[PDB]
Ligand SMILES: *Cc1ccc([N+](=O)[O-])c(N2CCOCC2)c1
Ligand SMILES: *Cc1ccc([N+](=O)[O-])c(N2CCOCC2)c1
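Protein chains in written order, with PDB author numbering: chain A, -2 to 70, 78 to 231; chain A', -2 to 70, 78 to 231; chain P, 43 to 51; chain P', 43 to 51. A prime marks a further copy of an entry chain.
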């Protein structure tokens, strides 16, 4: 995308979202990141939406194929599951590479730095979902380390109702429950996050209240499933 | 896909359908066609499902972008609509090329020949949806000619309740209404098709009755919208 | 209006 | 269970 203007890449990413062309959207946003400038709040959201949709389709396909493969146990199911898995890993490596070159190092404000470190935790988490063995251990630790740095910043620099802080806590709790075999840590984090947000809702406008309570309901939904 | 066994391509196309990986499914079925053997009934259905899903996503995206472009009237919306349009045309040309090299010429039974000629009409119809000008006229005539040959065979060789015959008539009626500016021909074809199928339902088993009445309801749904 | 949906085997 | 859906801007 080197020959396209940054502003045109951003405009086309928004059009691709409306057209539900998420692979295109991700390619446009990768091109925008590679222009080398920092991303605004809205541009960060476009980057995240694009790749979340791409990797989300891959994860859903991998789960279907992994289930069929487990039931079977010719080479075809394993070969095709491996093909999807390699593609998924490639997308995760691409996102992680954008974060490392050079989005995180240039992110100084809490809102940008927390957002990117949460993304780093998420994409290592998606790698962990398909990893097998000792490779799994180092990938799991990379996810944990990114989430933990984001949590430390968010608790120092953001109010407990901030939607990014809430979504980080939600996703770190899912990491604990689904990846790290720590369901008690997942439940404790979700409960403490919910309760501290509740106590801060009185400070918010009607619109901010709506944004925060929407994510709080997701924390509650997980707590209901886990307890 | 030249190095993969035909049977493995078919198996992987079925897995790709279950995983909702329709681009993969279409690539596997293209590879299977290119082995040079005729396709069974089930294999023809896999080919059609794969490409229908691929082109269906492209058509939906093209319609979103075309609507935005019409409302606007920078170059970005037009450029991106053109990109999607070129990709859509490439998929249609690929399908048409498989039919021409060499699926139609080897199809001697009515069920296979009607199926492929209906596909030929459909993919020329999708080309016509995005065509502008005199190119539109020849593309429209190519769709009409394919549908007409399929209709002539189907009326001679298949009962009026045959699902392929019914779906051909449904899609040719849509061609008349949406492409050829012939709504009266569309309505007449849908009505005659429905009525002649009704009168033949008494000959069918419970399972065949269900298959035929499902497509008859689609004819009725169009008639309700058009009258 | 509606053609054959045809998106499921 | 459920992470941030995050699939719509
Ligand atoms: C063109 C046509 C007519 C009928 C049917 N059908 O009875 O299912 C189809 N199917 C093709 C395979 O995918 C589902 C639709 C197509
Ligand atoms: C990680 C996170 C937390 C909160 C929100 N949010 O309040 O919307 C998001 N969004 C990112 C952009 O797409 C929708 C979700 C993400």
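All C-beta atoms in this analysis are idealised placements derived from N, C-alpha and C, irrespective of residue type, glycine included.
(message) Using 8 Å as the cut-off, can you tell me whether the stretch 43 to 54 of chain A' makes contact with the stretch 13 to 23 of chain A', which would need three or more C-beta pairs spanning the two stretches below that distance?
(response) yes
(message) Among A:227, A:185, A:214, A:179, whose alpha-carbon lies nearest the alpha-carbon of residue 199 (chain A)?
(response) A:227
(request) Report all residues from its chain with a CB closer than 7 Å to the CB of residue 6 (chain A'); omit the five preceding and five following residues, and keep chain order. (result) Contacts found: -2, 25, 28, 29.
(request) Report, in whole angstroms, the separation of the C-beta atoms of residue 107 (chain A') and residue 120 (chain A'), which I expect to be a contact under 8 Å. (result) The Cβ separation is near 5 Å, so the contact holds.
(request) Using only the heavy atoms of ligand 2, determine whether one of them is closer than 7 Å to the beta carbon of residue 144 (chain A). (result) No - ligand 2 has no heavy atom lying nearer than 7 Å to the Cβ of residue 144 (chain A).
(request) Using 7 Å as the cut-off, classify the Cβ of residue 46 (chain P') as near or not near the heavy atoms of ligand 4, replying yes or no. (result) Looking for ligand 4 in the displayed structure turns up nothing; the ligands present are ligand 1 and ligand 2.
(request) Tell me whether the beta-carbon of residue 130 (chain A) lies closer than 8 Å to the beta-carbon of residue 82 (chain A). (result) In this structure, the beta-carbon distance from residue 130 (chain A) to residue 82 (chain A) does not fall below 8 Å.
(message) Below 7 Å on C-beta distance, what does residue 9 (chain A) contact in chain A'?
(response) 80, 84
(message) For residue 206 (chain A'), count the other beta carbons within 10 Å of its own beta carbon; 16 or more makes it buried, fewer makes it exposed. Which is it?
(response) Around the Cβ of residue 206 (chain A'), a 10 Å sphere holds fewer than 16 other Cβ atoms; the residue is exposed.
(request) Check whether the Cβ of residue 122 (chain A) lies closer than 7 Å to any heavy atom of ligand 1, and answer yes or no. (result) Checking every heavy atom of ligand 1 against the Cβ of residue 122 (chain A), none is found closer than 7 Å.
(request) Would you verify that the beta carbon of residue 58 (chain A) is, or is not, closer than 8 Å to some beta carbon of chain A'? (result) yes
(request) Kindly indicate which residue of A:211, A:104, A:216 has the alpha-carbon position closest to the one of residue 203 (chain A). (result) A:216
(message) Among A':94, A':117, A':231, A':142, whose alpha-carbon lies nearest the alpha-carbon of residue 36 (chain A')?
(response) A':117
(message) So residue 17 (chain A') contacts chain A; which residues on that side make the cut at Cβ distance below 9 Å?
(response) For residue 17 (chain A'), the chain A residues whose C-beta falls within less than 9 Å of its own C-beta are 54, 57, 58, 61, listed in chain order.
(request) Kindly indicate if chain A contains any beta-carbon less than 8 Å away from that of residue 43 (chain A'). (result) no
(request) Compute the distance between the beta-carbons of residue 146 (chain A) and residue 128 (chain A), then report whether it is under 8 Å. (result) Taking 8 Å as the cut-off, the beta carbon of residue 146 (chain A) is found closer than this to the beta carbon of residue 128 (chain A).
(message) Could you give the first and the last residue of the continuous alpha helix (DSSP H) run that contains residue -1 (chain A)?
(response) Unbroken run through residue -1 (chain A): none, as it is neither H nor E.
(message) Is the separation between the beta-carbon of residue 170 (chain A) and that of residue 122 (chain A) shorter than 8 Å?
(response) no
(request) State yes or no: is the C-beta of residue 51 (chain P') nearer than 7 Å to some heavy atom of ligand 2? (result) Taking non-hydrogen atoms of ligand 2 into account, the C-beta of residue 51 (chain P') is found less than 7 Å away from one of them.
(request) Report the three-state DSSP secondary structure of residue 187 (chain A') (helix, strand or coil). (result) Correct three-state label for residue 187 (chain A'): helix.
(request) If I'm right that residue 88 (chain A') touches residue 59 (chain A') with Cβ under 8 Å, what's the distance once you round it to whole angstroms? (result) The distance from the Cβ of residue 88 (chain A') to that of residue 59 (chain A') is about 5 Å, consistent with a contact at the 8 Å cut-off.
(request) Compute every distance between the C-beta of residue 42 (chain A') and the non-hydrogen atoms of ligand 1, then say whether any falls below 7 Å. (result) Relative to the non-hydrogen atoms of ligand 1, the Cβ of residue 42 (chain A') comes within a distance shorter than 7 Å of at least one.
(message) Nearer than 7 Å: is that true of the beta carbon of residue 172 (chain A') relative to any heavy atom of ligand 1?
(response) yes
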